[PDB]
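# Summary of structural features
Each chain is listed here by its residues.
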Amino acid sequence: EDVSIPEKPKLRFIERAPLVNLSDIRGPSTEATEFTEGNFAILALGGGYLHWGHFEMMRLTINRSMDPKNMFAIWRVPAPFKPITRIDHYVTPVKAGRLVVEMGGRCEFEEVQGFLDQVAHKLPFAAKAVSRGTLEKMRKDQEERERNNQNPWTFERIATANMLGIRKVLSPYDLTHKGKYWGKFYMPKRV
Amino acid sequence: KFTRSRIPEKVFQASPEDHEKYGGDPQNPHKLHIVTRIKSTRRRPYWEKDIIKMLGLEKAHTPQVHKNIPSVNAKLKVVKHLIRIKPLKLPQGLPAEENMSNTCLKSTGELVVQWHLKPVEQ
Amino acid sequence: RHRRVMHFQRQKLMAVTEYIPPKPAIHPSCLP
Amino acid sequence: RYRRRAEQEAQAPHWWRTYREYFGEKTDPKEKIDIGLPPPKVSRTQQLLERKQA
Amino acid sequence: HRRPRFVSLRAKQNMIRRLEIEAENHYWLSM
Amino acid sequence: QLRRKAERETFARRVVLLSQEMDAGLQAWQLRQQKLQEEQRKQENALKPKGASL
RNA sequence: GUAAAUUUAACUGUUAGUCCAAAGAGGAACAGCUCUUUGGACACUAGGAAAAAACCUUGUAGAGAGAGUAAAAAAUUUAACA
């Protein structure tokens, strides 16, 4: 009851074109990594561009499934700005680890997961519905794997020291990525 | 763009655990290096090929002795992935003029000033 | 768009650096 | 006003390279020994009094 | 049309052997 | 065996050469530092201070 | 740490780039595709990867019915009580 729904619960429409770069979809996301006024969200586990077609799909599905009084949804992705020439169409690049959509209100993750997970599978890149507790457990679990890892050899140690001259077969960005990120694809199991 | 690699100085800061593992002594550093090439310079950058030649390591599995000084270590760090570095040990001290013809460098990394080729008693 | 092939040296690096989970000497369920 | 502040800043010592380093004379930091006669003793209160009245 | 190639256990042991030697190289260069 | 004897003696002589060069360089650096300390003491007080100090 | 460098006197030939890794810029975030840059390999050998220009090992100058090594062999079968 404490939570208050905004005057406009359902997701707002997204413009097809702005009113008025492969690196964009590569690597960890530096923005929109933390929940803002919403417990649940869809977490991007890959890097892919989002054209307007996807936005209409997500907005239509989320809005009908969600109940306006019970819950509200806020867009985290900006409008399509990147020009794709085949301008044939406009897209929105999303980096790995970014929350595409956020869901907050009087609801539980199990209630929210259903529609959010369904929309997630449509996204052109791997995405999984997450919650405050789940996402924190996901990050906490990842940190536990690193500290308790028994392997004395790690990608970061080998890459930073250039052991075996590994940097000849590696990208410069791999020093920061540390082997967790291979191009647009992100490997969670990698420590 | 592949380029020369600059390793962070941290990699070359031995920790207390490393000292026990390898048996070094940070208070008394070893004076000379034993350097052998164990990797080919083929398919490696030209600057590594040049460093190998300067150090006298063109022939593989051939022990070379080098001073353990910063300038030499800077060269070794460039080709550290192609070589084996082992401290030279002098259990009997430096070879004297008399011992020059009787020395031998053993696999353990010790330079012995007497090489009888006889069995040790009992 | 599709997972690109890696240089085999890189693939060898990934395999050597794979996470090894700690294994307890005695299984936890087998203890009181 | 800008020039007055600018000259003051230039005189101050800086960690970066400055013209004073390369061209300024290098002299012993220790203060120069004074081997002359002692300064004469002056009563500032009386001196200031007479000067103000003058 | 590259057919996939896989890393054998022997290949991993060979790579680990090189890492151990270079790790020691780091130590001796430290002093 | 003759070739190995020559190669070993060349290796041993290089070992001595490198060791002595490092030792001689170490001693020479020590002397320079000690001289610098002595140079500081050289000009401690050429002339006795005599102005404003009694 | 190394042993090459510049200059002078003469002179000749080669130079229509392929693949791999990396960073960009175009195509379709296609091509064994378009362009540039960094490095590697390929007209110098051999071993390995099934055959194998371009990946890995290794450099190449002979004889031996000796020896130590390098790279070098892919894994995996997916719950339930009422």
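Residues numbered from 1 in each chain as written, not as in the entry; some residues may be left out. Chains lettered and ligands numbered in written order. Part of a larger assembly, values for the part shown. Heavy atoms only, no water.

Structure determination for this PDB entry was carried out by cryo-EM, with a resolution of 2.56 Å recorded in the header.

### Comments concerning the overall build of chain A
Per the secondary structure count, chain A includes five helices and nine strands. Out of the 191 residues belonging to chain A, those deemed buried represent 46%. As displayed, chain A offers around 10,100 Å² of accessible surface, 50% of which is attributable to carbon and sulfur atoms. With 30 positive and 23 negative side-chain charges, chain A shows a spacing of 8 Å between the two charge centroids. (Helix = DSSP H or I, 4+ residues; strand = E, 2+ residues; numbered from the N terminus. Buried < 20%, exposed > 50% of the residue type's maximum accessible area, 1.4 Å probe, protein only. Areas by Shrake-Rupley, 256 points an atom, 1.4 Å probe, with all protein chains shown as cover. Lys, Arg positive; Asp, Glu negative; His and termini not counted. Charge placed at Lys NZ, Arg CZ, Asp CG, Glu CD.)

### Here's the deal with the interface of chain C and chain A
Contact with chain C, which involves 18 residues of that partner, is made by 22 residues of chain A. Buried area between chain C and chain A, both sides added, is near 1,900 Å², and the carbon and sulfur share of it is 64%. Along the contact surface separating chain C from chain A lie one salt bridge. The partner of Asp 174 of chain A in a salt bridge is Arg 10 of chain C, with the nearest N and O atoms 2.8 Å apart. (Contact = heavy atoms within 4.5 Å. Buried area = accessible area lost by both parts, 1.4 Å probe. Salt bridge = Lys/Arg side-chain N within 4 Å of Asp/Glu carboxyl O.)

### Brief notes about the pattern of salt bridges
This structure, assessed with the given rule, holds 21 salt bridges over all chains. Its salt-bridge partner being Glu 146 of chain A, residue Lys 180 of chain A comes within 3.0 Å of it at the nearest N-O pair. Of this pair, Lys 180 of chain A sits in the loop between α5 (174-177) and β8 (181-182) while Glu 146 of chain A is found in helix α3 (residues 132-148), placing the two residues 34 residues apart along the sequence. Residue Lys 180 of chain A is classed as buried on the basis of its relative accessible area of 14%. Each of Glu 97 of chain B together with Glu 9 and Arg 13 of chain F takes part in a single network of salt bridges with overlapping partners.

### Re the pairing of strand β1 (residues 32-37) of chain B
Residues and elements named next belong to chain B. Extensive coverage of β1 is indicated by the burial of six of its six residues. Burial along β1 is two-sided: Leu 32, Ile 34 and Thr 36 facing one way and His 33, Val 35 and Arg 37 facing the other are all buried. Sheet topology note: the β1/strand β3 (residues 83-87) ladder contains five bridges and is antiparallel. Across the sheet, the residue bridging to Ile 34 is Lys 86, located in β3. (Pairing = 2+ DSSP bridges.)

### Notes on the arrangement of the chains
Taking C-alpha atoms as the reference, chain B and chain C come no closer than 13 Å and do not contact one another. Taking C-alpha atoms as the reference, chain D and chain E come no closer than 31 Å and do not contact one another.

### A closer look at the side chain of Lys 82 of chain A
Secondary-structure assignment places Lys 82 of chain A in strand β4 (residues 82-84). Beyond its immediate chain neighbours, meaning those up to four positions away, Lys 82 of chain A contacts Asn 21, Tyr 49, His 89, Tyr 90 and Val 91 of chain A.

### Focus: the environment of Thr 3 of chain B
Inspection of the secondary structure puts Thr 3 of chain B in the segment before α1 (16-22). According to the relative accessible area criterion, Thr 3 of chain B is partly exposed, its value standing at 40%.

### Concerning unusual backbone geometry
One non-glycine residue, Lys 178 of chain A, adopts positive backbone phi at about 70°. With respect to the helices and strands, the residue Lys 178 of chain A is situated in the loop between α5 and β8. The class of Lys 178 of chain A is partly exposed, set by a relative accessible area of 30%. With phi around 55°, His 61 of chain B is a residue other than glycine that occupies positive phi space. Relative to the elements of secondary structure, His 61 of chain B occurs in the loop between α2 (46-55) and β2 (64-67). Given a relative accessible area of 61%, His 61 of chain B falls into the exposed group.

### Side note on empty space enclosed by the protein
What the largest cavity holds in volume is close to 40 Å³. Around the largest cavity, the lining residues are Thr 154, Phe 155, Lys 178, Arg 190 and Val 191 of chain A together with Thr 17 of chain C. Within the lining of the largest cavity, the residues separate by chemical class into two nonpolar, two polar and two charged. (1 Å grid on protein atoms, 1.4 Å probe; cavity = no way out; pocket = protein on both sides within 12 Å on 5 of 7 lines; lining within 4 Å. Points joined across faces, edges and corners; volume = space filled by probe spheres on them. Nonpolar A, V, L, I, M, F, W, Y, C, P; charged D, E, K, R; others polar.)

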